[PDB]
>>> print(open('run-v7.tsv').read())   # TSV, C-alpha atoms
chain	number	residue	atom	x	y	z
A	377	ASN	CA	-44.38	-14.45	154.29
A	378	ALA	CA	-45.34	-11.33	152.33
A	379	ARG	CA	-48.64	-9.83	151.26
A	380	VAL	CA	-49.13	-10.08	147.49
A	381	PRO	CA	-52.02	-8.85	145.30
A	382	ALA	CA	-53.16	-11.99	143.48
A	383	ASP	CA	-56.61	-13.40	142.79
A	384	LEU	CA	-57.78	-16.73	144.22
A	385	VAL	CA	-60.78	-18.69	142.96
A	386	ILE	CA	-62.63	-21.72	144.32
A	387	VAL	CA	-63.13	-24.71	142.01
A	388	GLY	CA	-64.89	-27.81	143.32
A	389	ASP	CA	-63.60	-28.02	146.88
A	390	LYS	CA	-60.08	-26.72	146.18
A	391	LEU	CA	-58.75	-23.16	146.44
A	392	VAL	CA	-56.45	-22.50	143.48
A	393	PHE	CA	-54.62	-19.58	141.92
A	394	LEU	CA	-55.75	-18.17	138.57
A	395	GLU	CA	-52.80	-16.48	136.85
A	396	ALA	CA	-52.85	-15.13	133.30
A	397	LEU	CA	-49.32	-13.76	133.12
A	398	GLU	CA	-49.17	-11.88	129.83
A	399	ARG	CA	-48.51	-8.29	130.97
A	400	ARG	CA	-45.96	-8.96	133.72
A	401	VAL	CA	-44.07	-11.50	131.58
A	402	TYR	CA	-43.98	-11.72	127.74
A	403	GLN	CA	-44.93	-8.04	127.25
A	404	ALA	CA	-42.78	-5.86	124.93
A	405	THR	CA	-40.30	-8.68	124.34
A	406	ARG	CA	-39.48	-10.76	121.26
A	407	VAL	CA	-40.73	-14.15	122.49
A	408	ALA	CA	-44.09	-15.79	121.84
A	409	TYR	CA	-46.39	-16.62	124.72
A	410	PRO	CA	-47.01	-20.34	125.34
A	411	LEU	CA	-50.55	-21.76	125.80
A	412	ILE	CA	-51.21	-20.59	122.21
A	413	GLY	CA	-50.11	-23.94	120.81
A	414	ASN	CA	-51.25	-25.45	117.54
A	415	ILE	CA	-53.10	-28.62	116.56
A	416	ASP	CA	-53.00	-30.69	113.38
A	417	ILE	CA	-56.23	-32.08	111.91
B	124	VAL	CA	-55.51	-66.11	147.85
B	125	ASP	CA	-53.66	-62.82	147.43
B	126	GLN	CA	-50.56	-61.32	149.02
B	127	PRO	CA	-49.94	-57.59	149.46
B	128	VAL	CA	-47.59	-55.99	146.95
B	129	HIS	CA	-44.89	-53.36	147.43
B	130	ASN	CA	-43.84	-51.05	144.59
B	131	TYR	CA	-40.49	-49.29	144.14
B	132	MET	CA	-40.23	-46.44	141.63
B	133	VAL	CA	-37.13	-44.36	140.82
B	134	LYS	CA	-37.08	-41.09	138.88
B	135	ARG	CA	-34.08	-38.99	137.86
B	136	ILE	CA	-33.43	-35.29	137.35
B	137	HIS	CA	-33.31	-33.45	134.03
B	138	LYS	CA	-30.78	-30.65	133.55
B	139	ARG	CA	-31.51	-27.43	131.65
B	140	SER	CA	-30.01	-23.92	131.52
B	141	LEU	CA	-30.69	-20.23	130.91
B	142	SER	CA	-28.75	-17.75	128.80
B	143	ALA	CA	-28.75	-13.97	128.44
B	144	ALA	CA	-26.34	-11.67	126.62
B	145	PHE	CA	-24.96	-8.23	127.45
B	146	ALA	CA	-22.95	-6.06	125.07
B	147	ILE	CA	-20.88	-2.89	125.35
B	148	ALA	CA	-19.70	-0.97	122.30
B	149	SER	CA	-16.12	-0.25	121.30
B	150	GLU	CA	-16.32	3.46	122.17
B	151	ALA	CA	-17.68	2.70	125.65
B	152	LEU	CA	-14.98	0.06	126.14
B	153	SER	CA	-12.32	2.60	125.19
B	154	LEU	CA	-13.82	5.14	127.61
B	155	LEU	CA	-14.06	2.62	130.46
B	156	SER	CA	-10.49	1.35	130.07
B	157	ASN	CA	-9.10	4.85	130.91
B	158	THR	CA	-7.07	4.86	127.68
B	159	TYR	CA	-6.46	8.08	125.71
B	160	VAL	CA	-7.58	10.45	128.46
B	161	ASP	CA	-7.58	14.13	127.41
B	162	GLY	CA	-9.81	17.13	128.03
B	163	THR	CA	-10.98	15.96	131.43
B	164	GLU	CA	-14.07	18.21	131.50
B	165	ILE	CA	-15.51	16.92	128.21
B	166	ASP	CA	-14.59	13.21	128.42
B	167	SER	CA	-15.92	12.80	131.97
B	168	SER	CA	-19.47	13.32	130.67
B	169	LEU	CA	-18.95	10.66	127.99
B	170	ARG	CA	-17.53	8.27	130.59
B	171	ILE	CA	-20.52	8.90	132.88
B	172	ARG	CA	-22.85	8.28	129.93
C	75	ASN	CA	-81.54	36.77	125.79
C	76	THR	CA	-78.13	36.28	127.38
C	77	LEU	CA	-75.52	33.80	126.17
C	78	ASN	CA	-74.29	30.88	128.28
C	79	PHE	CA	-70.52	31.22	128.22
C	80	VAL	CA	-68.38	28.11	127.82
C	81	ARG	CA	-64.96	27.80	129.42
C	82	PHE	CA	-62.68	25.10	128.07
C	83	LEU	CA	-61.51	23.87	131.49
C	84	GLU	CA	-65.02	23.03	132.71
C	85	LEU	CA	-65.62	20.84	129.65
C	86	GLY	CA	-64.82	17.15	129.79
C	87	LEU	CA	-62.51	17.51	126.78
C	88	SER	CA	-59.94	19.33	128.93
C	89	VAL	CA	-58.78	15.97	130.33
C	90	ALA	CA	-57.50	14.97	126.88
C	91	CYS	CA	-54.80	17.65	126.52
C	92	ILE	CA	-52.13	19.45	128.51
C	93	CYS	CA	-52.55	23.17	127.84
C	94	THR	CA	-49.65	25.47	128.62
C	95	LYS	CA	-48.95	29.16	128.00
C	96	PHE	CA	-46.10	30.16	125.69
C	97	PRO	CA	-45.73	33.86	124.80
C	98	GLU	CA	-42.77	33.63	122.40
C	99	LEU	CA	-44.46	31.22	120.01
C	100	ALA	CA	-44.09	33.48	116.96
C	101	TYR	CA	-40.28	33.25	117.11
C	102	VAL	CA	-40.11	29.44	117.21
C	103	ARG	CA	-38.88	27.95	113.93
C	104	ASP	CA	-38.92	24.27	114.95
C	105	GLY	CA	-39.69	22.60	118.27
C	106	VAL	CA	-39.00	18.94	118.93
C	107	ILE	CA	-39.71	16.33	121.60
C	108	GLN	CA	-37.62	13.29	122.48
C	109	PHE	CA	-38.22	9.77	123.78
C	110	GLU	CA	-35.88	7.14	125.24
C	111	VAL	CA	-37.75	3.84	125.59
C	112	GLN	CA	-36.14	0.59	126.74
C	113	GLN	CA	-37.58	-2.91	126.57
C	114	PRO	CA	-37.33	-5.97	128.85
C	115	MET	CA	-35.78	-9.33	128.00
C	116	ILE	CA	-36.65	-12.98	128.63
C	117	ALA	CA	-33.98	-15.67	128.98
C	118	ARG	CA	-34.09	-19.00	127.16
C	119	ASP	CA	-31.91	-21.89	126.01
C	120	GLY	CA	-31.69	-24.63	123.39
C	121	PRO	CA	-31.23	-24.00	119.65
C	122	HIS	CA	-31.97	-20.28	120.00
C	123	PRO	CA	-29.64	-17.31	119.48
>>> encode(input="run-v7.tsv", output="structure tokens")
Amino acid sequence: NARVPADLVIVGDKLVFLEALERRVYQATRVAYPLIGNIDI
Amino acid sequence: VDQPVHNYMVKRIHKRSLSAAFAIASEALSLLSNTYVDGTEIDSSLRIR
Amino acid sequence: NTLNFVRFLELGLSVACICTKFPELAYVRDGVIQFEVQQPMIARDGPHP
């Protein structure tokens, strides 16, 4: 195992990660970030 | 009256891939192939570049 | 009264610039700076180039 700087939050009774990877990945590239999907109404 | 049930489920894999490209120019390819060597003090810098 | 003298280094605006001394500035016709910036790459598949 290795020590890694990463935030951990508590939701309900479960300890989960909370990652928002937009600077480590998808920064200064030519690809669009997912989770910005569209809807049709 | 009820009897206990057993379930059997089977899933299969799905195959994908990744691709990335890498290019070298014609001048760099000519320098790396050690063809037309001349002026060994001025072409060594271009080969190192 | 006596004036309160201001030095540029003690001001908070000195953090916004890199001052440097250059005596032969009157002889400089043109001075340039250069940048070499590279960018990362993500790898994908499917109907993409």
>>> interface_residues(input="run-v7.tsv", of="chain C", to="chain B", cutoff="6 Å", atoms="all atoms listed in the file", output="list in words")
residues 117, 118 and 119 of chain C
>>> write_last_selection(input="run-v7.tsv", atoms="C-alpha atoms", output="PDB file, in the coordinates of the input")
ATOM      1  CA  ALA C 117     -33.980 -15.670 128.980  1.00  0.00           C
ATOM      2  CA  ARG C 118     -34.090 -19.000 127.160  1.00  0.00           C
ATOM      3  CA  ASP C 119     -31.910 -21.890 126.010  1.00  0.00           C
TER       4      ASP C 119
END
>>> closest_atom_pairs(input="run-v7.tsv", of="chain C", to="chain A", cutoff="7 Å", atoms="only C-alpha atoms", output="JSON lines")
{"residue": "C:113", "atom": "CA", "partner": "A:404", "partner_atom": "CA", "distance": 6.2}
{"residue": "C:114", "atom": "CA", "partner": "A:405", "partner_atom": "CA", "distance": 6.0}
{"residue": "C:115", "atom": "CA", "partner": "A:405", "partner_atom": "CA", "distance": 5.9}
>>> residues_near_point(input="run-v7.tsv", point="(-50.0, -10.9, 141.5)", cutoff="9 Å", atoms="only C-alpha atoms", output="list in words")
residues 380, 381, 382, 383, 395, 397 and 400 of chain A
>>> atom_distance(input="run-v7.tsv", atom1="CA of residue 149 (chain B)", atom2="CA of residue 170 (chain B)")
12.7 Å
>>> atom_distance(input="run-v7.tsv", atom1="CA of residue 410 (chain A)", atom2="CA of residue 378 (chain A)")
28.5 Å
>>> build_atoms(input="run-v7.tsv", residues="region 111-123 of chain C", atoms="N, CA and C atoms", output="mmCIF file, in the coordinates of the input")
data_model
loop_
_atom_site.group_PDB
_atom_site.id
_atom_site.type_symbol
_atom_site.label_atom_id
_atom_site.label_comp_id
_atom_site.auth_asym_id
_atom_site.auth_seq_id
_atom_site.Cartn_x
_atom_site.Cartn_y
_atom_site.Cartn_z
ATOM 1 N N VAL C 111 -36.947 4.963 125.115
ATOM 2 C CA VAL C 111 -37.750 3.840 125.590
ATOM 3 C C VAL C 111 -36.897 2.580 125.538
ATOM 4 N N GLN C 112 -36.826 1.869 126.660
ATOM 5 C CA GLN C 112 -36.140 0.590 126.740
ATOM 6 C C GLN C 112 -37.154 -0.536 126.897
ATOM 7 N N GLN C 113 -36.711 -1.750 126.588
ATOM 8 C CA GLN C 113 -37.580 -2.910 126.570
ATOM 9 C C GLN C 113 -36.998 -4.018 127.437
ATOM 10 N N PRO C 114 -37.850 -4.857 128.042
ATOM 11 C CA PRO C 114 -37.330 -5.970 128.850
ATOM 12 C C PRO C 114 -36.796 -7.118 128.009
ATOM 13 N N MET C 115 -36.397 -8.200 128.673
ATOM 14 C CA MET C 115 -35.780 -9.330 128.000
ATOM 15 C C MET C 115 -36.116 -10.600 128.776
ATOM 16 N N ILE C 116 -36.431 -11.667 128.045
ATOM 17 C CA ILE C 116 -36.650 -12.980 128.630
ATOM 18 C C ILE C 116 -35.441 -13.848 128.291
ATOM 19 N N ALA C 117 -35.165 -14.842 129.128
ATOM 20 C CA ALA C 117 -33.980 -15.670 128.980
ATOM 21 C C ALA C 117 -34.373 -17.100 128.655
ATOM 22 N N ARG C 118 -33.745 -17.671 127.629
ATOM 23 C CA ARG C 118 -34.090 -19.000 127.160
ATOM 24 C C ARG C 118 -32.820 -19.794 126.881
ATOM 25 N N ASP C 119 -33.007 -20.993 126.330
ATOM 26 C CA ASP C 119 -31.910 -21.890 126.010
ATOM 27 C C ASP C 119 -32.220 -22.699 124.755
ATOM 28 N N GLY C 120 -31.442 -23.747 124.507
ATOM 29 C CA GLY C 120 -31.690 -24.630 123.390
ATOM 30 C C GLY C 120 -31.099 -24.099 122.103
ATOM 31 N N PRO C 121 -31.699 -24.467 120.965
ATOM 32 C CA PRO C 121 -31.230 -24.000 119.650
ATOM 33 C C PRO C 121 -31.754 -22.613 119.281
ATOM 34 N N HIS C 122 -31.558 -21.651 120.178
ATOM 35 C CA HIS C 122 -31.970 -20.280 120.000
ATOM 36 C C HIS C 122 -30.768 -19.356 120.094
ATOM 37 N N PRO C 123 -30.704 -18.297 119.288
ATOM 38 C CA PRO C 123 -29.640 -17.310 119.480
ATOM 39 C C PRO C 123 -29.890 -16.504 120.737
#
